[PDB]
Ligand SMILES: Nc1ncnc2c1ncn2[C@@H]1O[C@H](COP(=O)(O)OP(=O)(O)OP(O)(O)=S)[C@@H](O)[C@H]1O
Ligand SMILES: Nc1ncnc2c1ncn2[C@@H]1O[C@H](COP(=O)(O)OP(=O)(O)OP(O)(O)=S)[C@@H](O)[C@H]1O
Ligand SMILES: Nc1ncnc2c1ncn2[C@@H]1O[C@H](COP(=O)(O)OP(=O)(O)O)[C@@H](O)[C@H]1O
Ligand SMILES: Nc1ncnc2c1ncn2[C@@H]1O[C@H](COP(=O)(O)OP(=O)(O)O)[C@@H](O)[C@H]1O
């Protein structure tokens, strides 16, 4: 269970708390295992803005996932709107599924209260 | 092959010790070994409130397969964990998902009644897009598949008790 | 194509022998072929409550098409199993459903009636998001399709008798449940099938007992599906107990424990003990391998026997001359006699247990389902019935006559001499109030099936109105309790093997006796919701007090016979002749004596010492305190509940107050010494 | 345009009213409860009329129909039995006015169910007192006349005009009671031979049964429970005693005041 | 009022204010409470009371207090 998801009502500063975690990474108030990590927010927009062909979107997304496996867990990934993330293109988040609870992928969730009850605890395959 | 593409071998992970030492649950593994060896109703579904390790009950069954602590007919089975999520959306065509699942089912016909299949959240097998129910409703009665379901009571009471050609 | 994409070619499967050769069902196959050889409306539907083998009727029809018992209007026909779920679940869009279904109808009309279309679960076709009825309708009318439905009767009358056009497109073939003997014959064919799979044997007494006790007890599922459930589940339990060995596991744990002990000690003696236990383990292991080899040879020779039977059916289809006589006269009797030689060999050698499913296995499986003492009088319940007087006087002191009567009643019932439409036994408890009416009720519910909790007590004193009657039977439709259930009938339908205990039926309204007339007449009490309630497994007991003063004032120097006749006359003045006419055996209670009161006090001391020893105290009592309790707890008007509240107020209130005061110490002998008016506890 | 019959079985209780109708069902469909039995002591108020026909549209029990019309729309040919037709309220049988008149009955959903093939039998015990008092020294015709006058005091003359025939049951006589005992012993023999035993009786035991079950006021059930007790208690007592061995003739011989079974 | 609230809330405390204005059937109900706590309504639901606290009031000895 190496993937915290944030559950809050919409507009209580979830992205703010993730960026505060990022500043404490920069300021060095964290334990030594997190000193030197990289916080990357996944751009949804520029991926879609040039897509035309069969899975070339997911080709780019899988290339980013292979680069994250190349970075060997030294990069703490953060993708907000997690209920939107599960379907965004095998589609967008269950490509990821074996890499999550193995020390490879550490995507940090941050999503709404009701949409947690929609698309996360019902979808028990990743629960 | 497609088993390398879309399944998770539990027996290789327990073979290399990646899984967990399952403690207790002798009675439920007993009942599973009963229901796995019948001639009809040959597919259990592990039913309880979620997060009680139904996946790990199947995994401990796989560990007892590796450690030889099963009855004789199970000595030599292969437990495979088919993901509902791994299969979905490589498809722009009109049913490439169905093509890949058909290739998987032909591979399990090729393995000749040996591979025991694992699926959790079996309601996703019912409705996910023919998608996974009626492509397998033949194979859930033609003896080419020995699926082990895992779901909560609510999805069993709705999406399985109703469907009388699955019930 | 389309037909290979969606349907399941059943004739190819029956040609590959993957089906069940279902014995019997000759009239339903005849009536299905009568329907299928018409000109218009060629569409039989197979209707019955689920489990009865409507799918098996269609498969047996396909096997008769393959073998050729059909007339000359079905030979060469293919039978195709359309899957209604496999056409709906792709349609996201406008008119992709009808794309598939028109593809299916064009390919079947290209076959030109050569393909009997088979549709299981036909009530999926109607309401499935206009959809599927209104394309099949011009083909089902003109007979150019050959649909065969398969549906439950409830879904039939709900999803088809509604829509009358698709009602007349089809034709009914009413399929009934098989008989008990037909269930036995079916299971004999299926025994000959199943002993190829589970590697075991089945003894035909277990088959007939399985069918009979499944028909007797499992009242939700129906034949033959429930009998096949029992047989297969016992076969799987025995397939467990092939490799369940326990003694090898005990010997292996023993040798590894003594191995660890001897390796830690390195006086010895344990090399010798370990060598003896390893020799015993090796002998048991080799015996286990010998049993496994015997069962393997038996399974292989049984499989060769069944393949020989399939091959002589191949010779019956094809028509080779010497192959028939050769396969029959050689292969059948020698393989059967050495199959029985392997059977008696396994009876000799199975020390490590069973490969033959006996009736006890069926009893264990059905007990895991429900928990009835399923089998017959097994000399544990039978000797309980032979000492049923003693068993009832284990908990109920006194009242010998009613104990004898109730004992005789259940002895009549369990031997099968009751009139099997009536309930097990009607009873009219009379006499003094509160002696053990309820204690005999609890004891009877206890030594009938489980305990005191398999009963329903109903205070009949509360029912004194017309709408009270409409409560306890159930409110008629269009009214109130029809929403929220009946009272008595729901309590029986939750607890089908129970005891109904009324309370002061004379205090009820003077019409509830008529509901009881229906009860004691035939034990069907059709509720408000219009479904029958079956009393034939229960025991109805009624309590009263119409001669309590009559019995208490005249018990001196009057026997049981004059008392019974006198109270029969008095009850005839109170009640109606029909009501007492329906009774099996009116019993008569007698008042209590003080030795019986002392015995009740003894049983209360037993249960209280049990509860306080669970609490952790060792308490003794003087018999003078027992005499004070007996004198302070009896009256002619109330009986033994004065003794109960006297025990409560004089022990359970003050002594537990002395315990909660930090006075008493657990473990000490606590003699309940007497006072002038009370009972004092000491610490010795 | 009527049902096959429509009857009104009167008389004192337990003279064979219900078993005549069960005798019909065992002739016609070869089964005892192969019939429809409307136990009319539940219908003591008019909302139970709404039970039997089915609840109207816009109410609770709409989506199920009645019980009667559902029963007969399944089986068009049956024997509809209405036992105890005067414990019920006097205005219940107006449903049966329509039934006996034309064989059509309208349920809740609005479908007329065809009663042109059934037999409506209503078994009363209104005339019990008058028949028990005056069946001596009176013929059959004036007895039927006078008890029919009593029924006319109970009912309205709409309904009894529909009836195909009212019959009158006479109270039982002693040789009839002996034959009742013989019939009960025959079916006891049948059920115990299915249990697997060889059981006979002495006629003296039958005489002692007839001398321990006679009463004109109660008809036949004291004979039935006398047979029940004074045969089945020592018989099943020796069954559970294990004294009975199959393959042995069992003559139910007399005791001094009882009946004993023997092993011979 | 009384029975169905325990079926809604089996985990609570019960009050019966102004019990001086009662009726003997209520006294029978409360003796059934103080005996075992099990009590069934008119339509067949067995309801347990032993996990609660029951409190009553009166206002005549209260007037003696005043
Ligand atoms: N601890 C904090 N310190 C400073 N500013 C904060 C803090 N928490 C919240 N805020 C402010 O509140 C804003 C909320 O931003 P978001 O995290 O995007 O809101 P949200 O709760 O994430 O809702 P969404 O889903 O992002 S629209 C931040 O951008 C800050 O301006
Ligand atoms: N005459 C028969 N001989 C052998 N097996 C039979 C026979 N009738 C039924 N069965 C078995 O009963 C099982 C299912 O019976 P069915 O009557 O097919 O139940 P069903 O048709 O599925 O009913 P539903 O409504 O679909 S649940 C199968 O294993 C059949 O082999
Ligand atoms: N035998 C066991 N001993 C200890 N923990 C177990 C055991 N089996 C399962 N678990 C725990 O259960 C968790 C898995 O929950 P699971 O039952 O698979 O999910 P679901 O809620 O979908 O049924 C694992 O984290 C595992 O640690
Ligand atoms: N014969 C007996 N043997 C043992 N205990 C009995 C006996 N008779 C009565 N009791 C006790 O006497 C009490 C009688 O109460 P109950 O049976 O409810 O009243 P009633 O006698 O009016 O039916 C029961 O609570 C029971 O504990």
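Given a Förster distance of 51 Å, report the FRET efficiency between residue E:1 and residue B:49 from their Cβ-Cβ distance, rounded to the nearest 0.05. Before the final figure, lay out the partial values.
Working: r = 34 Å, r/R0 = 0.66.
Computed FRET efficiency for residue E:1 and residue B:49 comes out at 0.90.
With all distinct Cα pairs included, what does the Kirkwood hydrodynamic radius of the range B:39-167 come out to in Å, to one decimal, could you say? Before the final figure, lay out each step's value.
Working: mean 1/r = 0.0645 Å⁻¹.
The Cα-based Kirkwood calculation yields 15.5 Å.
In whole angstrom, how far apart do the alpha carbon centroids of the range C:170-236 and the range D:224-248 sit?
Distance between centres, Cα-based: 33 Å.
Test of understanding: express the Cα radius of gyration of the range C:473-540 as a ratio to 2.2 N^0.38 Å, with N the residue count.
On the way: Rg = 12.0 Å, N = 68, 2.2 N^0.38 = 10.9 Å.
Output field value: 1.10.
For C:408-418, what's the mean count of beta carbons from other chains sitting within 10 Å of each residue's beta carbon? Walk me through the numbers on the way to the answer.
Details: counts 7, 5, 1, 8, 9, 2, 3, 10, 6, 11, 4.
Taking all residues of C:408-418 together, the mean is 6.
Treating the angle as unsigned and between 0 and 90°, give the value, to the nearest 10°, between the Cα long axis of helix D:174-195 and the longest Cα principal axis of chain D.
Once rounded, one gets 80 degrees.
Considering the Cα positions of chain D, please state its Rg to one decimal place and its Dmax as a whole number of Å.
Using the Cα atoms of chain D, the pair Rg, Dmax is 22.7, 70 Å.
Out of all Cα-Cα pairs in the range C:210-362, roughly what percent, to the nearest whole number, are more than 28 Å apart? Before the final figure, lay out the partial values.
Working: 5974 of 11628 pairs.
That fraction is 51 percent.
Report, largest value first, the span of the C-alpha coordinates of the range D:128-264 along each principal axis, in whole Å.
62, 30, 19
Could you state, as a whole-number percent, how many of the C-alpha pairs of the range D:165-206 are farther apart than 14 Å?
Details: 521 of 861 pairs.
In whole percent, the share of Cα-Cα pairs in the range D:165-206 beyond 14 Å is 61.
Compute the Cα gyration tensor for the range C:528-608, then decide on rounded, prolate or oblate, letting a ≥ b ≥ c be the square roots of its eigenvalues: rounded whenever a/c is under 1.5, prolate when a/b is larger than b/c in the other cases, and oblate in all that remain. If you can, show how the numbers build up before the last one.
Numbers: a/c = 3.06, a/b = 1.28, b/c = 2.39.
Oblate, since a/c reaches 1.5 and b/c is not below a/b.
Roughly how crowded by other chains is peptide C:472-485, in terms of the mean Cβ count from those chains within 10 Å of each of its Cβ atoms? Don't jump to the answer; show the numbers that get you there.
Values: counts 2, 4, 2, 5, 16, 19, 12, 8, 2, 3, 8, 2, 3, 2.
Counting Cβ atoms of other protein chains within 10 Å of each residue's Cβ and averaging gives 6.
Using only the Cα atoms of the range C:309-421, what are the Rg and Dmax in Å?
Cα radius of gyration and Dmax of the range C:309-421 are 26.6, 83 Å respectively.
Could you please state, rounded to a whole Å, how far the C-alpha centre of the range C:284-309 is from the C-alpha centre of the range C:594-642?
66 Å
Quickly estimate the mean residue ellipticity at 222 nm for chain C, helices only: each DSSP H run with n ≥ 4 gives -39500 (n - 2.57), and the total goes over all residues, rounded to 500. Write down the numbers at each step before the final one.
On the way: 31 runs with 363 residues, N = 684.
Computed ellipticity for chain C at 222 nm equals -16500 deg cm²/dmol.
From Cα coordinates alone, what are the radius of gyration and Dmax values for the range D:211-261 in angstrom?
According to the Cα coordinates of the range D:211-261, Rg and Dmax are 13.2, 42 Å.
Kirkwood Rh over alpha-carbon pairs of the range D:94-197, then Stokes-Einstein at 4 °C and 1.567 mPa s: what D in µm² s⁻¹, rounded to an integer?
Numbers: Rh = 17.5 Å.
My calculation gives 74 µm²/s for D.
Using the 2.2 N^0.38 Å rule of thumb for compact globular proteins, work out how chain C stacks up: its C-alpha Rg over that value, please.
On the way: Rg = 35.5 Å, N = 684, 2.2 N^0.38 = 26.3 Å.
Its radius of gyration relative to the 2.2 N^0.38 Å reference: 1.35.
Could you tell me the relative contact order of the range C:378-477? Use alpha-carbon pairs under 8 Å, at least six residues apart, and round to a whole percent.
Here the relative contact order equals 20 percent.
Distance between Cα centroids, the range C:1-64 to the range A:58-119: provide it in whole Å.
Here the answer is 51 Å between Cα centres.
Taking 10 °C and 1.306 mPa s as the conditions, I'd like the Stokes-Einstein D for the range B:83-155 in µm²/s, using the Kirkwood hydrodynamic radius from alpha carbon pairs. Numbers along the way, then the final one.
Details: Rh = 12.8 Å.
Answer, rounded: 124 µm²/s.
Tilt of helix D:221-240 relative to the longest C-alpha principal axis of chain D, in degrees (0 to 90, nearest 10)?
50 degrees
Of all the Cα-Cα pairs you can form in the protein assembly as shown, what percent are over 65 Å apart? Kindly include the intermediate steps, with their values, before the conclusion.
Numbers: 211937 of 854778 pairs.
In whole percent, the long-distance tail amounts to 25.
Just the projected area, averaged over all directions, of the convex hull on the alpha carbon atoms of the range C:429-509: how many nm²?
Numbers: hull surface 23.6 nm².
Across all orientations, the range C:429-509 yields a mean hull projection of 5.9 nm².
Go from 0 up to the bin containing the longest alpha carbon distance in the range C:443-590, width 10 Å each, and give me the % of pairs per bin.
All Cα pairs, binned at 10 Å, distribute as 10, 36, 34, 15, 4, 0 percent.
What average count of beta carbons from other chains do you get within 10 Å of the Cβ of residues in D:54-67?
Values: counts 3, 5, 2, 0, 1, 4, 9, 10, 2, 2, 5, 3, 3, 8.
Counting Cβ atoms of other protein chains within 10 Å of each residue's Cβ and averaging gives 4.
Could you order peptides A:92-99, D:37-44 by the average number of other Cβ atoms within 10 Å of their residues, highest first? Walk me through the numbers before you get to the answer.
On the way: A:92-99: 19.0, D:37-44: 22.2.
Sorting A:92-99, D:37-44 by mean packing, highest first, produces D:37-44, A:92-99.
Would the range A:1-88 count as rounded, prolate or oblate if I go by the C-alpha gyration tensor, calling it rounded below 1.5 in a/c and otherwise prolate when a/b exceeds b/c, oblate otherwise? Walk me through the numbers on the way to the answer.
Values: a/c = 2.38, a/b = 1.43, b/c = 1.66.
Cα axes put the range A:1-88 in the oblate bin.
Normalised by the empirical 2.2 N^0.38 Å for globular proteins, what value does the Cα Rg of the range C:237-301 take?
1.47
Rounded, prolate or oblate: pick one for the range C:449-496, where a ≥ b ≥ c are the square roots of the eigenvalues of its C-alpha gyration tensor, a/c under 1.5 means rounded, and failing that, prolate if a/b is larger than b/c, else oblate.
oblate
Just rank A:85, C:324, fewest to most, by other beta-carbon atoms within 10 angstrom. Don't skip to the answer; put the middle values down first.
Numbers: A:85 19, C:324 14.
In increasing order of surrounding Cβ atoms, one gets C:324, A:85.
In this analysis, Cβ positions are derived from the backbone assuming ideal geometry, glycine residues included, and neighbour counts consider all displayed protein chains. Read the figures in this text as sums done on the coordinates, not as results from a lab.
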